[PDB]
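A short write-up of the structure that comes next.
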Amino acid sequence: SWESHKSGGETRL
Amino acid sequence: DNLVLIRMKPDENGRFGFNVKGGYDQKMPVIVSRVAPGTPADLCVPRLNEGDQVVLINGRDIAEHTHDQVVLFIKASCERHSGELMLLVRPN
Numbered sequence: 001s002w003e004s005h006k007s008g009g010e011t012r013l
Numbered sequence: 513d514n515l516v517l518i519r520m521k522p523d524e525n526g527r528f529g530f531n532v533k534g535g536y537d538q539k540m541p542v543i544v545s546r547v548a549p550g551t552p553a554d555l556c557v558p559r560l561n562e563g564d565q566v567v568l569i570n571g572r573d574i575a576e577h578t579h580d581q582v583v584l585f586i587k588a589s590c591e592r593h594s595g596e597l598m599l600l601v602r603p604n
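Protein chains in written order, with the authors' numbering: chain C, 1 to 13; chain A, 513 to 604.
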């Protein structure tokens, strides 16, 4: 979310 | 206790190089789940590590916040001091 990839409840920052 | 205060500037494209899992909606603490090689999170003083539990983001207590609320706090560039994202973490 917020223009960051979210998958499996994990976000890349 | 045993907390570590880390400051890091993002890369030129606004990215820090770490991933997080957790948050109030996941019923688990916010934890660093990955740190990518050569990114700010890998090169900071000291390094941010997988398993570190995030206690504060730019001074804010995130305990009752959802995962996506925590993501926006990380991306809230104007809450940084001197352009540095501040994380207060507890090593695993």
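We put the beta carbon where it would ideally sit given N, CA and C, even for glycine.
- In chain order, what residues of the region 575 to 597 of chain A put their CB closer than 7 Å to some CB of chain C? Residues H579, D580, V583, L584, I586 and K587.
- Using three-state DSSP, classify A/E596 as helix, strand or coil. Position 84 of the second sequence, counting from 1, holds the residue named residue 596 of chain A. Annotated three-state conformation of A/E596 is strand, per DSSP.
- Identify every run of the alpha helix (DSSP H) within the region 513 to 564 of chain A, keeping only runs that are complete inside it and at least 4 residues long; order them along the chain. List check, alpha helix (DSSP H) in window: 552 to 555.
- Task: Just the chain C side, please: which residues come within less than 9 Å of A/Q538 by C-beta, in chain order?
- Result: Taking the first residue of the second sequence as 1, we reach residue 538 of chain A at position 26. Listed along chain C, the residues sitting closer than 9 Å to A/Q538 by beta-carbon distance are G9.
- Message: Check for me: the alpha helix (DSSP H) holding A/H579 runs from which residue to which?
- Response: Along the second sequence, one-based indexing puts residue 579 of chain A at 67. Unbroken alpha helix (DSSP H) run through A/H579: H579 to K587.
- 9 Å Cβ cutoff, A/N531 in contact with chain C: Stepping through the second sequence from its first residue, residue 531 of chain A is reached at position 19. It does; some Cβ of chain C falls within 9 Å.
- Message: Quick check on A/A553: buried or exposed, where buried means 16 or more other Cβ atoms within 10 Å of its Cβ?
- Response: The residue given as residue 553 of chain A occupies position 41 in the second sequence. It is buried - the Cβ of A/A553 has at least 16 other Cβ atoms within 10 Å.
- Query: For A/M520, is the classification buried or exposed, using 16 other Cβ atoms within 10 angstroms of its Cβ as the cut-off for buried?
  - Reply: Sequence index remark: in the second sequence, residue 520 of chain A carries index 8 (1-based). Here A/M520 is buried: its Cβ has 16 or more other Cβ atoms, across all protein chains shown, within 10 Å.
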